[PDB]
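Residue numbering for the sequence shown follows PDB author numbering, starting at 24 and increasing by one per position.
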Amino acid sequence: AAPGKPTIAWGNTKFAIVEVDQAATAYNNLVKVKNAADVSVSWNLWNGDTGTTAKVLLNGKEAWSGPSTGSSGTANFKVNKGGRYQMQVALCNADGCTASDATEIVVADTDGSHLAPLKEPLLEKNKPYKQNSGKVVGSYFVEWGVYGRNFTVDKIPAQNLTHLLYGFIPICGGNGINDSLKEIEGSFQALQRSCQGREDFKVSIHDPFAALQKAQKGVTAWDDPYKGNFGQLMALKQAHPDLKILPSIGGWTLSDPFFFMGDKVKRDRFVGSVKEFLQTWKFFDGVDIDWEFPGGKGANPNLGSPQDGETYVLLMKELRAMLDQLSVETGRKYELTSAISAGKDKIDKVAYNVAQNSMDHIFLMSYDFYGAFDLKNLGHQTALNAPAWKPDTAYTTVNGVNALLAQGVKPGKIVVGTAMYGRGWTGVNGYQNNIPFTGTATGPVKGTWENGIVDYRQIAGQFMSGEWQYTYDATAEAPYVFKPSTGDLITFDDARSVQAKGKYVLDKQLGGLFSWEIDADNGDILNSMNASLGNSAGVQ
């Protein structure tokens, strides 16, 4: 007779191809990419003949076999593809094979193949849109937004985006390399910890706890290998396979390392680390480069060189070469994007007509034109056009688009930026003709999280009532609110100015719209981005 029916031993059933060390603060020690998960299974036989061969099956396919030598056994084997498997132990002899009941085993990998889809309901005012315009609809999600802002990946209105950018992946480096981080309490020291033992100019993760370990919806079990933002983003990719999730490298305080990449030793090390990063974190679909900015005038006053243009172009060419190689190794399409200044003063430091050939999308940062960093010269921070009181205004969206077009940039590359925040001043005074923007300010408006910057959610929730005036400037295509008694002036985007940008995108055959930052919207801005680009209401 065939062997008795084995009983699978209670034991760990959760395994990982990319292992995460739970007592490691250095990125080098935190993650270990294996070629396969090490899986183990044991069994007991409570009744009968133990057979002469034991086998471990996954969905009916042998993953291990060995001699059956008594009433309990253990098998150790490798599984090289993530997912959930129905695992059986079979005991076999010449008279037949007898299989256990199946036990599910989970084999984790960083494409999220082991995860249920994170398919969460739309919150606040977000309404469902189909991505059927063919236009980019992008937004940034910030790693640190899971703390005070309490805005986690399960709150992203992900069906209403084509592109989700993760801000920010840092480049390792200490003194003189990431000095802009020292303005933020503990930030520099947190990167040095993450980068311990890791070469400068390689990418890392700035806050490993937020990115990988913090419990979040869908990834709360202790032995779920990938938690935090990355584990939720993996589950999000399972829900939305065509969503492009891009790691963004740089931004205001993590851009200092780019200024050294005129040394090809450093640039080659960076590009190789990006390749390794995308081989490690398979849910990411390419890379976004947010170097602020070639030529300087970003956070650090001591960086910027005339060579930065050339470095920027080389960097894109080389990143594209790496991503093309990764693309044919994987069968996947990878994207290379960059967020760039929208001021023509900064645009003309780069040959974007050359760089565009390496790039899928240029995210034109048509915001922060004005703000509490200048108390003398007030203006619309994210307007389409100049206002009627100052028709020579330099920093407008159209002038940034026009500067790019004047270089030879194809219109379809350019994605226009929308702000899900306002910037503002207090004590605005000495203005003429009831236009507060012809005055001067005494300081920043009291912001939501930091001085001078207000979430759009708070503008709509608090500053569109009481004493606040609301004006839509139809020449500039820009809303603003003004409190006359405190001189508080806030300049932002609203549904109408976003609609004007989206119509302008369609008229000029531009690439789409993107936004900073997704946690600050209540739904009104992203709804308008979708509607104004021609996306059909509904779900597919």
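Built from N, CA and C at the ideal position, the CB exists for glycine as well.
Between the Cα of residue i and the Cα atoms of the options, which residue gives the shortest distance?
i: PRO140; options: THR461, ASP478, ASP517, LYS260; result: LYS260
i: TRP491; options: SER508, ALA497, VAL477; result: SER508
i: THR461; options: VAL438, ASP223, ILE385, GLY510; result: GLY510
i: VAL79; options: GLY199, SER296, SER123; result: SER123
i: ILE192; options: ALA181, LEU269, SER156; result: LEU269
i: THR441; options: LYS142, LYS57, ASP547; result: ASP547
i: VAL528; options: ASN201, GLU500, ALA46, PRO434; result: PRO434
i: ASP72; options: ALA417, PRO29, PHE386, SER217; result: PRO29
i: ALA322; options: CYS115, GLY489, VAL421, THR276; result: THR276
i: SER136; options: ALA39, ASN70, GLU206, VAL169; result: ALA39
i: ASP230; options: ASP291, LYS267, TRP167, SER278; result: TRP167
Here's a check: name, in chain order, each residue in its chain whose Cβ is nearer than 8 angstroms to the Cβ of residue i, leaving out the five neighbours to either side.
i: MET339; result: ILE312, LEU359, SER361, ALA378, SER381, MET382
i: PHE232; result: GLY251
i: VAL242; result: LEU138, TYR249, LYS250, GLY251, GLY254, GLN255, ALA258
i: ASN82; result: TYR108, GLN109
i: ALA125; result: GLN109, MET110, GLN111
Below 7 angstroms CB to CB, which residues in the same chain sit around residue i once its five sequence neighbours on both sides are set aside?
i: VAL294; result: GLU341, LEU342, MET345
i: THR133; result: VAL41, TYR249, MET257, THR303, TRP304, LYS305, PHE306
At what residues does the beta strand (DSSP E) containing residue i begin and finish?
i: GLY168; result: Segment: none, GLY168 is in no beta strand (DSSP E) and carries neither H nor E.
i: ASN67; result: 60 to 67
i: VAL297; result: That residue, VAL297, is in no beta strand (DSSP E); its alpha helix (DSSP H) goes 287 to 303.
i: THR360; result: 358 to 364
i: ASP313; result: 309 to 313
i: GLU127; result: 126 to 131
i: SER551; result: Counting along the chain, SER551 falls outside any beta strand (DSSP E), though it belongs to the alpha helix (DSSP H) covering 547 to 555.
i: residue 3; result: Coverage of the chain is limited to positions 24 through 563, which leaves residue 3 absent and any answer about it impossible.
i: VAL176; result: No beta strand (DSSP E) holds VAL176; DSSP gives it neither H nor E.
i: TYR50; result: Run containing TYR50: none in the beta strand (DSSP E); it sits in the alpha helix (DSSP H), 50 to 53.
For residue i, which of helix, strand or coil comes out of DSSP?
i: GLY34; result: coil
i: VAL468; result: coil
i: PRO144; result: coil
i: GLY423; result: helix
i: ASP530; result: helix
i: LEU214; result: helix
i: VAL439; result: strand
i: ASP368; result: helix
i: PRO459; result: helix
i: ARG107; result: strand
i: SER136; result: coil
i: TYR375; result: helix
i: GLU85; result: strand
Leaving out five residues before and five after residue i in sequence, what residues of the same chain have Cβ atoms less than 6 angstroms from its Cβ?
i: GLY327; result: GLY318, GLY319
i: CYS120; result: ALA113
i: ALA411; result: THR498
i: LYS148; result: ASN545, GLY546, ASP547
i: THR494; result: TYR503
i: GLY274; result: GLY190, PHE191, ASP313
Are the beta-carbon atoms belonging to residue i and residue j less than 8 angstroms from one another?
i: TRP314; j: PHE281; result: yes
i: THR514; j: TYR393; result: yes
i: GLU540; j: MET388; result: no
i: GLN154; j: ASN558; result: yes
i: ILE272; j: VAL226; result: yes
i: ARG446; j: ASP391; result: yes
i: residue 23; j: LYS367; result: Examination of residue 23 is not possible in this model, given that the chain is present from 24 through 563 alone.
i: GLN255; j: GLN239; result: yes
i: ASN553; j: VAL160; result: yes
i: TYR50; j: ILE228; result: yes
i: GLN430; j: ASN376; result: yes
i: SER95; j: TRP66; result: yes
i: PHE224; j: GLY196; result: yes
i: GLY171; j: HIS384; result: no
i: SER162; j: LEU146; result: no
i: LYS524; j: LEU407; result: yes
i: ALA501; j: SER520; result: yes
Which first and last residues belong to the alpha helix (DSSP H) in which residue i is found?
i: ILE228; result: Looking at the DSSP string, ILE228 is not in any alpha helix (DSSP H), and its letter there is neither H nor E.
i: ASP331; result: 331 to 353
i: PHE253; result: 251 to 262
i: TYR152; result: Note, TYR152: premise wrong, no alpha helix (DSSP H); not H, not E.
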